[PDB]
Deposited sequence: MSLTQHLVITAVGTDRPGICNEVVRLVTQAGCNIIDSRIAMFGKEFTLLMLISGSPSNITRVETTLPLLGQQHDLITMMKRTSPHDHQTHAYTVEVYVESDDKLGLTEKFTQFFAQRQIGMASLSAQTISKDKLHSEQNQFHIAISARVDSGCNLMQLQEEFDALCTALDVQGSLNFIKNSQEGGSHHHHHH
């Protein structure tokens, strides 16, 4: 059949089985779960998800999902999208930047990865207790990426912006 893809976003007060019903409703709808991201932020359950199924099954998910969010104070958001081309990743680079000035610094580092077409998976930019600003980014690069070269360019940027930054590589 014509396999259709859908993107799901959900936020709800984290409780024992909230994530059960979600994958329950999705899998029990005939759809496949291509990938997802689950994070516990604050007292909240946050989920990013990409599913695929027949046009019939997806609609089934597009209809039933909001109801689940009604009886659980859950908040949903969906959006159909083109199929997902699997980008296998060979490494996870973890970056850590520290500065005393936060002025437009974070977007300099996200741009660093965009210019190189490296997708980030997580980020944090914040002022710590006690007058410094710390940025933390996690990104995935494939096997075709020159690691020693990525590290050098990252060091140059850090020199250019006069901040302290470290880079870490982790393969899976």
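Coordinate coverage of the deposited sequence is interrupted at 1, 132-138, 181-192, where no C-alpha atom was modelled.
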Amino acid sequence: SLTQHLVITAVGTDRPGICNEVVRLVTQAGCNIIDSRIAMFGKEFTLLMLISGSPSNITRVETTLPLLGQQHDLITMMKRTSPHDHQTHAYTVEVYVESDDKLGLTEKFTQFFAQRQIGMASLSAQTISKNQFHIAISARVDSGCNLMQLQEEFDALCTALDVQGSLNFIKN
From here on, numbers count along this sequence of modelled residues.
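In this crystal structure, the stretch out of 65-73 and 118-126 whose C-alpha atoms carry the higher mean B factor is 65-73.
Checked against the record, the higher mean CA B factor of 90-98 and 77-85 lies with 77-85. Looking only at 27, 110, 138, 36, the residue with the top Cα B factor in the deposited structure is 27. Within the selection 150, 156, 11, 18, the deposited Cα B-factor values reach their highest point at 18. Residue-level temperature factors show residue 6 in the middle third of its chain, judged at the C-alpha atom. In the PDB entry, a CA B factor belonging to the highest third of its chain's modelled residues is recorded for residue 132. In this PDB entry, residue 103 carries a Cα temperature factor that places it within the highest third of its chain's modelled residues. Sort the modelled residues of the chain by CA B factor and residue 54 lands in the highest third.
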